[PDB]
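In structure tokens, one chain follows: the form deposited in one PDB entry.
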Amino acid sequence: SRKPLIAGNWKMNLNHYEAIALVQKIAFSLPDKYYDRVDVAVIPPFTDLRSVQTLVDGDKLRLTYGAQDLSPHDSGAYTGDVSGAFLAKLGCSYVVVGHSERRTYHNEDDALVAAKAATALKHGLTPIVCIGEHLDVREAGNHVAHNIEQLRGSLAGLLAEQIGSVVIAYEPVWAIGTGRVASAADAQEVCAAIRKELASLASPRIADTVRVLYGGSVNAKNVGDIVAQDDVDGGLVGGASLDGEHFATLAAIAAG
């Protein structure tokens, strides 16, 4: 079986002092025994990464961490942009690519996401490749096909072994600011289809190892049902990731 993964996307929240406090609160709140049964990661803003590295390395913490984006390039004249080389030197394990907020606010397309995923892998990072359909598509009853095309586009050009080194996150964008709610069954339908397509793009053996996360609204009341699904391997968590006790509770539920 695939070991569950609870990854906390902090989004654009928490200065470096607050980052230090949150990581220490998570470490204090989550009993050690749970790490054998769940992988736990925090995903802070770029400016918080060195601070988190110091704690994780100095306290030998079992939680891991990552960043929220990276450039498709390794270096150069890209004012404001952050390289996967920098993230690797900071000890990041993960990097989020193609989050729906970047697709909306920064016009990121599937081809760019695929290029970012390849660059992440070049630097030894595990990209968390985010996909998911919007309200109109969901309303058309297209629960699967649009997601499959977006998966194909966002992994375009990756070798089979590279696909075995990514994480996928399904964001039900149709359930963001619309009033709609995505059930655990809804998550299972899409994640099962994602895995079947991964088996085609890579191999059945490889696809059985790839962690596919749910990236809709995850909280203490719903995380158990989500991770209980056959093809859902954890969560890319939003706002709950900012509260150390709540986030620890999510990890504990996912573990047990």
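Note that residue numbering begins at 1 and tracks the sequence as displayed. Residues that one form lacks are left out of the comparison. Here the rigid core means the biggest group of C-alpha atoms that line up within 1.5 Å when the two forms are laid on top of each other.
Taking the PDB entry as given, 220 to 228 carries the higher mean Cα B factor of the two stretches 46 to 54 and 220 to 228. When 3 to 11 is weighed against 246 to 254, 246 to 254 comes out higher, by mean CA B-factor as recorded in the entry. Among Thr79, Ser93, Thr104, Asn147, the highest C-alpha B-factor recorded in the PDB entry belongs to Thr104.
Of the candidates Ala182, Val166, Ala115, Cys130, the one whose C-alpha carries the top B factor in the deposited record is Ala182. When the CA B factors of the chain's modelled residues are split into thirds, the value for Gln68 lands in the lowest one. Ranked against the other modelled residues of its chain, the C-alpha B-factor of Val40 as given in the entry falls in the middle third. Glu171: CA B factor lies in the lowest third for its chain, per the PDB record.
When the CA B factors of the chain's modelled residues are split into thirds, the value for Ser75 lands in the middle one. In this PDB entry, the Cα temperature factor of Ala187 sits in the middle third of its chain's modelled residues.
What comes next is about the form deposited in another entry, which is not displayed.
Taking the core as reference between the shown form and the other one, the lone member of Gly80, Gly179, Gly76, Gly157 whose Cα moves by 2 Å or more is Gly179. A change of 3 Å or more separates the two forms for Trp10 and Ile176: their C-alpha atoms lie closer together in the other form. Relative to the shown form, the CA atoms of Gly177 and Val137 are pushed 3 Å or more farther apart in the other form. Fitting the two forms on their rigid core shows CA movement of 2 Å or more between the shown form and the other one over just one run of at least three residues, at 174 to 181.
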